[PDB]
Amino acid sequence: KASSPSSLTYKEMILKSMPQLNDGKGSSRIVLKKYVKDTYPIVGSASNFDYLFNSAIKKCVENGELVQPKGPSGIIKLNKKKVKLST
């Protein structure tokens, strides 16, 4: 599907990959991480990334960017609903 760019925020990185994974319906952290690390070589090389990855999602859920109904382990859903040119 849509190729992932580079040098985005960890939030934007997921926001780009999410719609690709299951049409942005949602994907497990392993699936997402594997995808993010694969499409973004910088996060692939970075071992510390994986922690920041979890931190990014944590920031996303309050932001309404991503939603994680299960919790830490579960499935990251591309919410991206509280922003859609609603005017």
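All of the points below concern the structure found in this document. (Residues numbered from 1 in each chain as written, not as in the entry; some residues may be left out. Heavy atoms only, no water.)

1. So, the pattern of salt bridges
And then number 1: Taken as a whole, this structure holds six salt bridges when the rule is applied.
And then number 2: Across the pair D23 and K1 runs a salt bridge whose closest N-O atoms are separated by 2.7 Å. On the criterion of sequence distance, the pair formed by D23 in the loop between helix 1 (10–17) and helix 2 (29–39) and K1 in the segment before helix 1 is long-range, its members being 22 residues apart. The same class applies to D23 as to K1, namely exposed.
And then number 3: Across the pair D50 and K37 runs a salt bridge, and its minimum N-O distance is 3.4 Å. Residue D50 is found in helix 4 (residues 49–63), and its partner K37 is found in helix 2; the two are separated by 13 residues along the sequence. (Salt bridge = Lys/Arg side-chain N within 4 Å of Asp/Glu carboxyl O. Helix = DSSP H or I, 4+ residues; strand = E, 2+ residues; numbered from the N terminus. Buried < 20%, exposed > 50% of the residue type's maximum accessible area, 1.4 Å probe, protein only.)

2. A word on the side chain of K37
And then number 1: The class for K37 is buried, based on a relative accessible area of 18%.
And then number 2: A polar contact is formed between the side chain of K37 and the side chain of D50, at a distance of 3.4 Å.
And then number 3: In contact with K37, not counting residues within four places along its chain, are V43, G44, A46, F49 and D50. (Polar contact = N/O pair within 3.5 Å; in protein donor to acceptor, adjacent residues only side chain to side chain. Contact = heavy atoms within 4.5 Å.)

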